[PDB]
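Take a look at this one chain, the form deposited in one PDB entry, written out in structure tokens.
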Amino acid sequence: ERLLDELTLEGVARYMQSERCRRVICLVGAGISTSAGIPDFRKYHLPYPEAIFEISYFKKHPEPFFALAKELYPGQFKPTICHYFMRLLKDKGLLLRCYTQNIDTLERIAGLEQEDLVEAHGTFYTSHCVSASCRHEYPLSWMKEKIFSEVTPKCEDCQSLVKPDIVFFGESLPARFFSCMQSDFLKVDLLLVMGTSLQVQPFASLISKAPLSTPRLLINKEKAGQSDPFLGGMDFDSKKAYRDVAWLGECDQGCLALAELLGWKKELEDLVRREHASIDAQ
């Protein structure tokens, strides 16, 4: 009946190395970056505490946002074992797409390219002048220098405010999300959900966009995605369970176990160690 021979990580690895599994979509959240030192990120006289992340207030008073940005700026941008496992998926020719709710750029530092990524909530990687007639793009280095010097970032062409490409409250989701969703989920063979509680919509509903036969593996500290008894959910434990698997623990250790099952543990170790060595050497 089912594509997985058993509702275990071993069954998922066997399915992955079968000829049936060619296209893997990753859905990742804050949990895949806590081991990197980036925790769950989410005087100025704010009218309401959400104003610091609402677009209108930012364009009126951006200084609070950038003060918070200096306070939260990471001491290092070192992706995790999980990030590099996704890079390995890319190298092995199995990665259809990575949908991320994170803005910390670690997916790109790990070697995932823009075509590989749907950054559902944007990113700090790129910033743009807020003027529609200009839209000058600035890199993260420029923005970091502005934030650390405590100088509000202004466009060099038109002197307008420059905003990191994260999706503020009152901004729309990137259209790439919907277009890529409509195409990708016709093609997915395996859904790999890592480090997210699947509570924020519409990113959570993504799991219901997979075909009914598509196996779905959750690597997370706690079970998530099951239908809420109060209000296509994950079914790990019922007698009708057939495709959903939960590996409970650190995302790094779950990806290590999966790589070991796949025979990739040495490749993953070498990749992580060389990339971390190059980051430390900057």
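So that the term is clear: the rigid core is the largest set of C-alpha atoms that superpose within 1.5 Å between two forms. The first residue of the sequence shown is number 1, and the count goes up from there.
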For this session: Superpose on the core, then say which of 126-134 and 86-94 ends up with the larger RMS Cα offset from this form in 9 other deposited structures of this protein.
Result: 126-134
For this session: Determine, for 183-191 and 148-156, which one has C-alphas that on average lie farther from this form in 9 other deposited structures of this protein; superpose on the rigid core first.
Result: 148-156
Problem set entry | Unmodelled in at least a third of other entries of this protein, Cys255 | no
Exercise. Can you tell me whether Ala30 lacks a model in a third or more of the other compared entries?
Worked result: no
Exercise. What size is the break between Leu231 and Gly232 in terms of deposited sequence residues left without coordinates: none, 1 to 3, 4 to 9, or 10 or more?
Worked result: 4 to 9
For this session: Might you work out how many residues are unmodelled in the deposited sequence between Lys239 and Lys240, and answer none, 1 to 3, 4 to 9, or 10 or more?
Result: none
Exercise. If you average the Cα B factors in the entry, which is higher, 122-130 or 186-194?
Worked result: 122-130
Exercise. Comparing 55-63 with 26-34, which stretch shows the greater average C-alpha B-factor in the deposited entry?
Worked result: 55-63
Problem set entry | Residue with highest C-alpha B-factor in the PDB entry, from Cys180, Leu72, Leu206, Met86 | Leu72
For this session: Kindly indicate the residue among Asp91, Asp116, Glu107, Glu145 with the greatest C-alpha B-factor in the PDB record.
Result: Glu145
For this session: For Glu275, return the chain-relative third of its C-alpha B-factor as stated in the PDB record: lowest, middle or highest.
Result: lowest
For this session: Check where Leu68 lands among this chain's C-alpha B-factors and tell me if it's the lowest, middle or highest third.
Result: highest
Exercise. Going by the entry, which third of its chain does the Cα temperature factor of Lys223 land in?
Worked result: middle
Exercise. Sorting the chain's CA B-factors, does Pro47 end up in the lowest, middle or highest third?
Worked result: highest
For this session: Would you mind ranking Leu112 by its C-alpha B-factor against the rest of the chain and naming the third, lowest, middle or highest?
Result: lowest
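The protein also exists as the form deposited with a partner chain bound; that form is not presented, and the subsequent description refers to it.
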Seminar exercise, completed: Exactly one of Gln201, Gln76, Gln159, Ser141 comes within 4.5 Å of its partner chain in the deposited bound form through a heavy atom, and that residue is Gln201
For this session: Identify, from the list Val167, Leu191, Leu89, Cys155, the residue with a heavy atom within 4.5 Å of its partner chain in the deposited bound form.
Result: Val167
For this session: Give a yes or no for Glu171: in the deposited bound form, does one of its heavy atoms lie within 4.5 Å of a heavy atom belonging to its partner chain?
Result: yes
Problem set entry | 4.5 angstroms heavy atom contact with its partner chain in the deposited bound form for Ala132 | no
Exercise. Any of the heavy atoms of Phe148 lying within 4.5 Å of its partner chain in the deposited bound form?
Worked result: no
Exercise. 123-131, 175-183, 104-112, 76-84: which one contacts its partner chain in the deposited bound form at 4.5 Å, heavy atom to heavy atom?
Worked result: 175-183
